[PDB]
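Shown next as structure tokens: one chain only, the form deposited without the named molecule.
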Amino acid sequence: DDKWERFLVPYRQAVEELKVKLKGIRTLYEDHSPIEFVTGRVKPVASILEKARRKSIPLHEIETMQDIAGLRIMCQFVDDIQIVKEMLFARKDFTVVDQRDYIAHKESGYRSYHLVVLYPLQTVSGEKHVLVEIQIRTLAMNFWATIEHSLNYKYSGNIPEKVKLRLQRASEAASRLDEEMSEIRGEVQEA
């Protein structure tokens, strides 16, 4: 079982390196920083196994899983997301290998931009390329998604319809808040 913890060591180190890197973006800006804060997480073994058994994964290719390592970048404004995206695409300390835009959204109201990078981790024995998922979200998107995640866990994937209807209303309310915020930003920018 520490074969697991030995397997996850590079993923954890990739996340810590990328956290300090991405947090440097906001520091460099202190005008308006396009990043409010940054979090990162390596998937717990249980959650790796559960998803592997839910999506057809024999345990020998789990290394194909794109989100064992994950970061989340939270932005104040919707337009900040495109800015962060472009910064990430320009970085030379990793390469972007995949992306998908749920901002351009899901049936329940999930809003988030995803990309996956291949991070060239320097190890004791040389280089190891590890997949790291990076999501970019507004604060309001992140708030809604966090609640949805908690409810799906609490109800084991079967949220009762009365709660699901309200969750869907909350996603629209979060979306409207982001729209009003966008109007504020655009109006300030017509400087």
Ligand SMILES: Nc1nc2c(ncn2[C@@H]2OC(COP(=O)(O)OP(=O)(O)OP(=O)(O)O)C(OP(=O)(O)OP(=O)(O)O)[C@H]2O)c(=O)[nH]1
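Note that residue numbering follows the sequence shown and begins at 1.
Where coordinates are absent for parts of the deposited sequence, a chain break appears; between neighbours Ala104 and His105 it spans 1 to 3 residues. Comparing 141 to 149 with 64 to 72, the stretch with the higher mean C-alpha B-factor in the PDB entry is 64 to 72. Of the two stretches examined, 44 to 52 and 124 to 132, the record assigns the greater average C-alpha temperature factor to 44 to 52. In the deposited entry, the Cα temperature factor of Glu36 sits in the bottom third of values across the chain's modelled residues.
The deposited CA B-factor of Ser108 belongs to the highest third of values across its chain.
Among the modelled residues of the chain, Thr27 sits in the highest third by CA temperature factor in this PDB entry.
Here the subject shifts to the form deposited with the named molecule bound, a form of this protein not shown in this document.
Under a 4.5 angstroms non-hydrogen atom cutoff, the named molecule in the deposited bound form has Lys106 among its neighbouring residues. None of the heavy atoms of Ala140 is located within 4.5 Å of the named molecule in the deposited bound form. Of the heavy atoms in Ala145, some are within 4.5 Å of the named molecule in the deposited bound form. Although the partner is absent here, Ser33 is not a contact residue: none of its heavy atoms lies within 4.5 angstroms of the named molecule in the deposited bound form. No residue of the trio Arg6, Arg12 and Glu61 has any heavy atom within 4.5 Å of the named molecule in the deposited bound form.
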